[PDB]
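Student: Following this line is model.cif, made up of mmCIF, C-alpha atoms:
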```
data_input
#
loop_
_atom_site.label_atom_id
_atom_site.label_comp_id
_atom_site.auth_asym_id
_atom_site.auth_seq_id
_atom_site.Cartn_x
_atom_site.Cartn_y
_atom_site.Cartn_z
CA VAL A 415 134.10 50.20 20.35
CA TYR A 416 136.77 48.25 22.21
CA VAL A 417 139.11 45.89 20.34
CA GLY A 418 142.08 44.26 22.02
CA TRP A 419 143.45 42.30 24.94
CA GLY A 420 141.58 42.92 28.17
CA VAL A 421 144.44 44.64 29.99
CA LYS A 422 144.89 48.06 31.59
CA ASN A 423 147.83 50.41 30.97
CA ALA A 424 148.43 51.12 34.66
CA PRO A 425 151.71 50.01 36.27
CA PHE A 426 151.20 46.51 37.65
CA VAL A 427 152.17 45.65 41.21
CA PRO A 428 151.68 41.96 42.08
CA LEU A 429 150.11 41.50 45.50
CA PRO A 430 152.84 40.76 48.09
CA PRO A 431 152.44 37.95 50.65
CA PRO A 432 149.50 38.52 53.01
CA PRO A 433 150.15 39.94 56.48
CA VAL A 434 150.73 37.82 59.56
CA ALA A 435 148.33 38.08 62.49
CA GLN A 436 149.24 39.30 65.98
CA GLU A 437 148.96 37.46 69.28
CA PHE A 438 147.28 38.57 72.49
CA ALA A 439 148.52 41.55 74.48
CA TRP A 440 150.35 41.04 77.77
CA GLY A 441 147.67 42.19 80.13
CA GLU A 442 147.62 38.47 80.91
CA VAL A 443 150.14 38.09 83.75
CA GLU A 444 150.30 35.90 86.87
CA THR A 445 149.46 37.52 90.20
CA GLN A 446 151.69 36.51 93.12
CA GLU A 447 151.33 36.35 96.90
CA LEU A 448 153.33 38.68 99.11
CA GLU A 449 156.62 36.93 99.68
CA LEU A 450 158.03 37.41 103.20
CA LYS A 451 159.87 39.81 105.49
CA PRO A 452 163.31 38.18 105.58
CA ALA A 453 165.43 39.37 108.48
CA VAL B 2 155.26 30.84 -3.94
CA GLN B 3 154.73 34.57 -3.46
CA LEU B 4 157.70 36.79 -4.23
CA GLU B 5 156.78 39.68 -1.91
CA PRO B 6 154.04 40.01 0.72
CA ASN B 7 150.99 41.91 -0.52
CA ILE B 8 149.83 44.86 1.57
CA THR B 9 146.14 44.38 0.79
CA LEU B 10 146.37 40.69 1.72
CA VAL B 11 148.04 41.61 5.02
CA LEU B 12 145.34 44.17 5.82
CA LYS B 13 142.60 41.73 4.79
CA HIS B 14 143.76 38.77 6.89
CA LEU B 15 144.77 40.83 9.95
CA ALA B 16 141.53 42.82 10.09
CA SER B 17 140.23 40.64 12.93
CA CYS B 18 143.46 40.94 14.94
CA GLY B 19 142.90 44.71 15.15
CA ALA B 20 145.81 45.61 12.86
CA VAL B 21 144.17 48.23 10.63
CA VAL B 22 145.17 51.35 8.69
CA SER B 23 143.08 54.37 7.74
CA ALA B 24 141.55 54.78 4.29
CA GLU B 25 143.67 57.77 3.28
CA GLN B 26 146.81 56.08 4.54
CA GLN B 27 145.87 52.87 2.71
CA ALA B 28 145.45 54.65 -0.63
CA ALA B 29 148.57 56.75 -0.05
CA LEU B 30 150.60 53.62 0.67
CA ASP B 31 149.22 52.02 -2.50
CA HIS B 32 150.39 55.00 -4.55
CA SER B 33 153.61 55.83 -2.69
CA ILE B 34 155.36 52.56 -1.75
CA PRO B 35 156.47 51.87 -5.36
CA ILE B 36 157.80 55.43 -5.75
CA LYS B 37 160.09 55.13 -2.73
CA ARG B 38 161.00 51.58 -3.76
CA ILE B 39 162.21 52.72 -7.18
CA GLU B 40 163.85 55.91 -5.89
CA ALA B 41 166.28 53.60 -4.10
CA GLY B 42 167.62 50.39 -5.59
CA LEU B 43 165.61 48.19 -3.24
CA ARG B 44 164.15 45.06 -4.82
CA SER B 45 161.70 44.90 -1.90
CA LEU B 46 160.02 47.56 0.23
CA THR B 47 156.87 46.95 2.25
CA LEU B 48 154.93 48.39 5.16
CA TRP B 49 156.47 47.32 8.47
CA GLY B 50 154.03 48.77 10.99
CA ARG B 51 152.16 51.69 12.51
CA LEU B 52 153.27 53.04 15.88
CA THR B 53 150.77 55.08 17.88
CA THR B 54 151.59 58.63 19.02
CA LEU B 55 150.20 61.19 21.45
CA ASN B 56 149.16 64.05 19.17
CA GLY B 57 147.41 61.81 16.64
CA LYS B 58 149.92 61.65 13.79
CA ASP B 59 150.79 57.96 13.90
CA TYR B 60 154.22 56.87 12.68
CA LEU B 61 153.99 54.65 9.61
CA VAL B 62 157.22 52.65 9.29
CA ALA B 63 158.28 50.71 6.19
CA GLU B 64 161.35 48.55 5.66
CA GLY B 65 163.16 47.36 2.57
CA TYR B 66 166.14 45.32 1.46
CA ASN B 67 167.92 44.40 -1.75
CA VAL B 68 169.60 41.01 -1.36
CA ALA B 69 169.57 38.39 1.39
CA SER B 70 172.92 36.80 2.23
CA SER B 71 174.01 34.15 4.73
CA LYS B 72 176.94 35.14 6.92
CA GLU B 73 178.32 33.80 10.23
CA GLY B 74 175.76 31.01 10.31
CA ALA B 75 172.71 33.24 9.96
CA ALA B 76 170.63 35.05 7.36
CA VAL B 77 171.72 38.70 7.45
CA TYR B 78 169.12 40.88 5.71
CA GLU B 79 170.57 44.35 5.18
CA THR B 80 167.48 46.47 5.82
CA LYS B 81 166.69 50.16 5.51
CA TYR B 82 163.83 51.85 7.34
CA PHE B 83 161.64 54.81 6.45
CA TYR B 84 158.96 56.58 8.47
CA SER B 85 156.16 59.03 7.80
CA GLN B 86 153.28 60.88 9.41
CA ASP B 87 151.22 60.75 6.20
CA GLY B 88 151.29 58.04 3.56
CA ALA B 89 152.61 60.44 0.92
CA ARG B 90 156.17 61.43 1.86
CA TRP B 91 158.72 58.97 3.24
CA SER B 92 161.72 60.11 5.29
CA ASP B 93 164.76 58.12 6.34
CA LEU B 94 164.92 56.55 9.81
CA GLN B 95 168.54 56.90 10.87
CA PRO B 96 170.23 54.07 12.78
CA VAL B 97 171.25 54.73 16.37
CA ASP B 98 174.37 53.90 18.38
CA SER B 99 174.68 51.28 21.14
CA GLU B 100 174.68 53.43 24.28
CA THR B 101 171.99 55.56 22.66
CA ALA B 102 169.85 52.42 22.36
CA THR B 103 170.56 51.51 25.98
CA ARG B 104 169.26 54.95 26.93
CA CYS B 105 166.37 54.46 24.47
CA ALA B 106 165.26 51.45 26.49
CA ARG B 107 164.51 53.64 29.54
CA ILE B 108 161.82 55.79 27.86
CA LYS B 109 158.31 54.40 28.36
CA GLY B 110 154.81 55.46 27.37
CA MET B 111 153.90 56.39 23.81
CA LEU B 112 156.25 58.85 22.16
CA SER B 113 154.67 62.08 20.97
CA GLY B 114 153.92 62.74 17.32
CA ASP B 115 156.36 65.58 16.70
CA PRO B 116 159.74 64.27 15.48
CA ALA B 117 161.44 67.38 16.87
CA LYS B 118 160.89 66.53 20.54
CA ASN B 119 163.73 65.78 22.95
CA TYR B 120 163.61 63.55 26.02
CA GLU B 121 165.76 64.22 29.08
CA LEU B 122 167.61 61.35 30.77
CA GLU B 123 170.37 61.02 33.36
CA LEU B 143 175.01 64.59 34.00
CA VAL B 144 172.05 64.95 31.64
CA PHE B 145 171.45 63.41 28.21
CA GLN B 146 169.25 64.62 25.34
CA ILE B 147 167.53 61.88 23.33
CA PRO B 148 165.81 62.75 20.03
CA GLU B 149 162.46 61.11 19.38
CA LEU B 150 163.51 59.59 16.05
CA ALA B 151 166.27 57.74 17.89
CA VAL B 152 163.71 56.29 20.32
CA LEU B 153 161.45 55.25 17.44
CA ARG B 154 164.30 53.51 15.62
CA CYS B 155 165.38 51.80 18.85
CA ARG B 156 161.89 50.41 19.42
CA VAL B 157 161.47 49.34 15.79
CA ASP B 158 164.78 47.49 15.70
CA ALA B 159 164.00 45.82 19.03
CA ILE B 160 160.68 44.49 17.73
CA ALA B 161 162.22 43.48 14.40
CA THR B 162 165.00 41.54 16.13
CA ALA B 163 162.58 39.85 18.53
CA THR B 164 159.86 38.65 16.13
CA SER B 165 160.07 38.24 12.35
CA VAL B 166 158.13 35.21 11.16
CA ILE B 167 158.28 33.34 7.85
CA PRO B 168 157.02 29.77 7.23
CA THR B 169 159.74 27.16 7.61
CA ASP B 170 161.74 26.31 4.48
CA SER B 171 159.93 28.99 2.48
CA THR B 172 163.44 30.16 1.54
CA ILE B 173 166.50 28.26 0.34
CA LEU B 174 170.19 28.82 -0.31
CA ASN B 175 171.64 28.88 -3.83
CA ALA B 176 174.86 29.48 -5.73
CA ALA B 177 176.94 32.36 -4.33
CA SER B 178 175.18 31.63 -0.99
CA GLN B 179 172.30 34.09 -1.05
CA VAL B 180 169.04 33.41 0.78
CA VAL B 181 166.47 33.50 -2.02
CA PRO B 182 162.81 32.40 -2.10
CA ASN B 183 162.12 28.72 -2.68
CA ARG B 184 159.93 28.59 -5.79
CA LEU B 185 159.29 24.86 -5.22
CA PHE B 186 157.88 25.40 -1.71
CA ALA B 187 155.44 22.57 -1.03
CA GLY B 188 153.68 24.33 1.84
CA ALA B 189 154.21 24.00 5.57
CA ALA B 190 152.86 20.69 6.81
CA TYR B 191 150.95 20.85 10.09
CA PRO B 192 150.67 24.66 10.00
CA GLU B 193 148.71 24.96 13.27
CA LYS B 194 151.95 24.26 15.17
CA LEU B 195 154.97 26.50 15.74
CA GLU B 196 157.31 24.06 13.98
CA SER B 197 155.90 25.37 10.69
CA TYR B 198 157.20 28.93 11.19
CA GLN B 199 160.69 30.37 11.80
CA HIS B 200 162.52 33.69 12.27
CA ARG B 201 163.91 35.06 8.97
CA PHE B 202 167.41 35.31 10.55
CA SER B 203 167.40 31.50 11.13
CA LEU B 204 169.09 29.74 8.13
CA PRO B 205 166.73 27.55 5.98
CA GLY B 206 168.71 24.30 6.41
CA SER B 207 168.94 24.53 10.19
CA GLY B 208 166.17 23.09 12.32
CA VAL B 209 165.83 26.15 14.54
CA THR B 210 162.20 27.26 14.34
CA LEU B 211 159.60 29.15 16.36
CA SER B 212 159.67 26.44 19.06
CA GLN B 213 163.22 26.93 20.38
CA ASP B 214 162.25 30.18 22.13
CA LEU B 215 160.27 30.64 25.34
CA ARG B 216 157.34 28.30 25.82
CA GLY B 217 154.58 30.90 26.20
CA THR B 218 155.49 33.88 24.02
CA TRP B 219 153.62 32.81 20.86
CA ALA B 220 149.97 32.00 20.21
CA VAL B 221 148.61 30.28 17.10
CA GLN B 222 145.03 30.10 15.87
CA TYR B 223 144.07 27.98 12.87
CA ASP B 224 141.05 27.68 10.59
CA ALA B 225 141.37 24.34 8.81
CA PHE B 226 138.46 24.75 6.39
CA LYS B 227 139.74 28.07 5.06
CA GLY B 228 143.28 26.92 5.85
CA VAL B 229 144.48 30.16 7.44
CA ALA B 230 146.83 30.43 10.42
CA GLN B 231 147.30 33.49 12.63
CA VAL B 232 150.40 33.79 14.82
CA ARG B 233 150.33 36.46 17.53
CA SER B 234 153.34 37.51 19.58
CA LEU B 235 152.67 37.75 23.32
CA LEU B 236 156.02 39.31 24.22
CA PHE B 237 155.08 42.17 21.86
CA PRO B 238 151.26 42.21 21.86
CA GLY B 239 151.11 44.12 18.57
CA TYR B 240 152.90 41.70 16.24
CA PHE B 241 150.64 39.56 14.04
CA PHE B 242 151.35 37.14 11.19
CA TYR B 243 149.15 35.20 8.77
CA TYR B 244 149.82 32.15 6.64
CA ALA B 245 147.22 31.17 4.03
CA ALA B 246 147.95 27.63 2.89
CA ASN B 247 145.59 27.36 -0.08
CA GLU B 248 147.09 30.46 -1.71
CA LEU B 249 150.48 29.89 -0.03
CA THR B 250 150.82 33.53 1.04
CA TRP B 251 152.22 34.83 4.32
CA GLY B 252 152.62 38.24 5.89
CA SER B 253 153.27 40.09 9.14
CA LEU B 254 152.37 43.46 10.63
CA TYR B 255 152.84 45.49 13.80
CA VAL B 256 150.29 47.91 15.26
CA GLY B 257 150.82 49.74 18.55
CA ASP B 258 153.57 51.37 20.54
CA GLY B 259 156.94 49.66 20.57
CA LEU B 260 156.66 48.42 24.16
CA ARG B 261 157.00 44.78 25.18
CA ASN B 262 155.04 43.69 28.24
CA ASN B 263 157.67 42.65 30.78
CA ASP B 264 154.91 41.57 33.19
CA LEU B 265 154.12 38.64 30.90
CA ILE B 266 154.28 35.75 33.37
CA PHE B 267 151.43 37.03 35.54
CA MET B 268 149.41 37.34 32.33
CA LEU B 269 149.81 33.69 31.28
#
```
Show the structure stored in the file as structure tokens.
Tutor:
Amino acid sequence: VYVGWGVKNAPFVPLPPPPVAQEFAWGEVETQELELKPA
Amino acid sequence: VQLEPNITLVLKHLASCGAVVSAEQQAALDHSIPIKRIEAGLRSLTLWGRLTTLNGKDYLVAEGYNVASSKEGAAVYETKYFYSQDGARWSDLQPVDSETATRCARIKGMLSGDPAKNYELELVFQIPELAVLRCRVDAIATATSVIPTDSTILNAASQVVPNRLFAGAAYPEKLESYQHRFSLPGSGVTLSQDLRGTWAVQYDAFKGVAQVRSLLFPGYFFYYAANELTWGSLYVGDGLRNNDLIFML
């Protein structure tokens, strides 16, 4: 039989704040024309 | 009304709350509590609780006191504790020092059954098991010791004696009906001037019986029967308070 409060005798760790997401990688860059041949 | 709490009444009203004692231990208490009471000069001596151990020889603890005085604005009951592994023979439970109690506080988990063990703390320190047991028992006793409000009264020579003209606690399903023994009878300090969620009360109005459970120490139970006007408290479990209480409420 079981008699008592419904708790477990393991050490309790309250869940920390959830993780933050991550933004897109920087393979997203602007291509540019060849500039000049300044003298 | 009652002069001393009755062990059989305590075991009968706390049977639901899970506070139980074995048959042999029950009979042995019945036959052995008076012997230890009369061996000393104690006017009162009753079972205090049953702490659980690792080998299987649970620690039965009883406490007693002779006279109840009022001193420095509080009721100071000079108590003496005894322990046992069987209900037959009662041994003294020596009081501990201050720093020894501070070190006591750092031992967790149930203490083993053998009273000859030693725990190692930290320069190293050796802590006997009886010291840990006494530390836990005095902590629980200081924290929670319930009697119905105004069930005692002062008198000549300023000794806290029972109140033979106790009318009965009105509205006994509320915490204002019960108080810690240390609180003086005249003062209005009761079981409601402590934390808001460390006491639970259940009440049966038809049978007129109230059960008060301590949530800081999940093993402390108390009953108040209004029709018979009889109250009593018990502790069953290891002497650990649940510090992670808030997440539980």
Student: Any chance you could work out the residue set of the PyMOL selection byres ((chain A) within 8 of (chain B)) here, as a ChimeraX atom specification?
Tutor: /A:417-418,426
Student: I'd like the residues picked by the PyMOL selection byres ((chain B and resi 203) around 12) written out as a ChimeraX atom specification, using the chain letters and numbers from the file.
Tutor: /B:70-78,162,164-173,180,198-202,204-211,213
Student: Looking at only C-alpha atoms, which of B:32, B:6, B:38, B:14 is the one that sits closest to residue 228 of chain B?
Tutor: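 Checking each candidate against residue 228 of chain B, we get B:14 as the closest.
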Student: For the file shown, what are the residues hit by the PyMOL selection byres ((chain B and resi 41-57) around 8), laid out as a JSON list (two decimals) with C-alpha atoms, in the coordinates of the input?
Tutor:
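Below is the file that was written, expr11.json:
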```json
[["chain", "number", "residue", "atom", "x", "y", "z"],
["B", 5, "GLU", "CA", 156.78, 39.68, -1.91],
["B", 6, "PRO", "CA", 154.04, 40.01, 0.72],
["B", 8, "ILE", "CA", 149.83, 44.86, 1.57],
["B", 22, "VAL", "CA", 145.17, 51.35, 8.69],
["B", 34, "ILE", "CA", 155.36, 52.56, -1.75],
["B", 35, "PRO", "CA", 156.47, 51.87, -5.36],
["B", 37, "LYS", "CA", 160.09, 55.13, -2.73],
["B", 38, "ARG", "CA", 161.00, 51.58, -3.76],
["B", 39, "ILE", "CA", 162.21, 52.72, -7.18],
["B", 40, "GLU", "CA", 163.85, 55.91, -5.89],
["B", 58, "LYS", "CA", 149.92, 61.65, 13.79],
["B", 59, "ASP", "CA", 150.79, 57.96, 13.90],
["B", 60, "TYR", "CA", 154.22, 56.87, 12.68],
["B", 61, "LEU", "CA", 153.99, 54.65, 9.61],
["B", 62, "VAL", "CA", 157.22, 52.65, 9.29],
["B", 63, "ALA", "CA", 158.28, 50.71, 6.19],
["B", 64, "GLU", "CA", 161.35, 48.55, 5.66],
["B", 65, "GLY", "CA", 163.16, 47.36, 2.57],
["B", 66, "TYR", "CA", 166.14, 45.32, 1.46],
["B", 67, "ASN", "CA", 167.92, 44.40, -1.75],
["B", 68, "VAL", "CA", 169.60, 41.01, -1.36],
["B", 111, "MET", "CA", 153.90, 56.39, 23.81],
["B", 112, "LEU", "CA", 156.25, 58.85, 22.16],
["B", 113, "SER", "CA", 154.67, 62.08, 20.97],
["B", 114, "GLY", "CA", 153.92, 62.74, 17.32],
["B", 115, "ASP", "CA", 156.36, 65.58, 16.70],
["B", 253, "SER", "CA", 153.27, 40.09, 9.14],
["B", 254, "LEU", "CA", 152.37, 43.46, 10.63],
["B", 255, "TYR", "CA", 152.84, 45.49, 13.80],
["B", 256, "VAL", "CA", 150.29, 47.91, 15.26],
["B", 257, "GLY", "CA", 150.82, 49.74, 18.55],
["B", 258, "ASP", "CA", 153.57, 51.37, 20.54],
["B", 259, "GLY", "CA", 156.94, 49.66, 20.57]]
```
Student: Neighbouring residues of residue 234 of chain B were defined as those with any atom within 7 Å, considering all atoms listed in the file; residues of the same chain fewer than 3 positions away were excluded. Please report them as a list in words.
Tutor: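 That gives residues 218, 219, 220, 237, 238, 240 and 241 of chain B.
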Student: In Å, with one decimal, what is the gap from atom CA of residue 16 of chain B to atom CA of residue 2 of chain B?
Tutor: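 A separation of 23.0 Å between them.
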Student: For atom CA of residue 84 of chain B and atom CA of residue 251 of chain B, determine how far apart the two atoms are, in Å to one decimal place.
Tutor: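 These two atoms are separated by 23.1 Å.
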Student: Skip residue 247 of chain B itself and residues of its chain fewer than 5 positions away, then list as a PyMOL selection string all residues within 10 Å of it, counting only C-alpha atoms.
Tutor: chain B and resi 188+226-229
Student: Separation of atom CA of residue 425 of chain A and atom CA of residue 265 of chain B, in Å?
Tutor: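 Computing it gives 12.8 Å between the two atoms.
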